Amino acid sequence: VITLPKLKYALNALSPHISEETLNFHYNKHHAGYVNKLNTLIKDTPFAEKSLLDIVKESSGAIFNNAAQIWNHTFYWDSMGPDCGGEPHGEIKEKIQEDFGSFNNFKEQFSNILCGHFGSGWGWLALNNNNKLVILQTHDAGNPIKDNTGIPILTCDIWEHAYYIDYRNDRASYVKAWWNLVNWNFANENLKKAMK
């Protein structure tokens, strides 16, 4: 059976940028719900004994939706953390200078994409298939692995449940606050894997 990976931090660790209440609902209700539902759906299928990522890559319909959401949510929690945020460091800092000119330029363009997305979905920093960092947006449970558009480096959830408790309709303030939480160590891990 598929399980829900632990958070690498306490439920209140992202506060006040993302509240304990939000993490509680988003992780213990939404994310946990996708795991429970996927297990239900893949019993008696060719997917029952495959990795989550193999299910993401091979499935469609409700199985894909729940599988990709589990995967996207885990990537999102790992894309954040306490005493993170601020300026990038290490290789991802260099790669952002190369591909966007500056971190501030990347930040402005990412915020613009995240705020302009219509409906539920995800913003991504990804390494494209030309070894260049790009910003992608996906709808609903979509992600760049399934789309073959790139290797995920970081993600920000912009489904309304990610922010509605703390920010209501004001997604721009959620995005502004999310920059205090970005885990550049996870981005560097992903960059290295992506470039090998």
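Residue numbers run from 1 along the displayed sequence.
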Taking only the CA atoms, which stretch has the higher mean B-factor in the record, 178 to 186 or 20 to 28? 178 to 186
Decide which of the stretches 112 to 120 and 81 to 89 has the higher mean C-alpha B-factor, going by the entry. 81 to 89
If you compare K50, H161, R168, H139, which has the highest Cα B-factor in the entry? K50
Taking the chain's C-alpha temperature factors as the reference, tell me which third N143 falls into: lowest, middle or highest. middle
Chain-relative C-alpha B factor for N130 (record values, thirds): the middle
Splitting the chain's C-alpha B-factors into thirds, which one does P46 fall into? highest
Within this chain's modelled residues, let me know which third the CA B factor of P152 belongs to: lowest, middle or highest. lowest
C-alpha B factor of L38, ranked within the chain: lowest, middle or highest third? highest
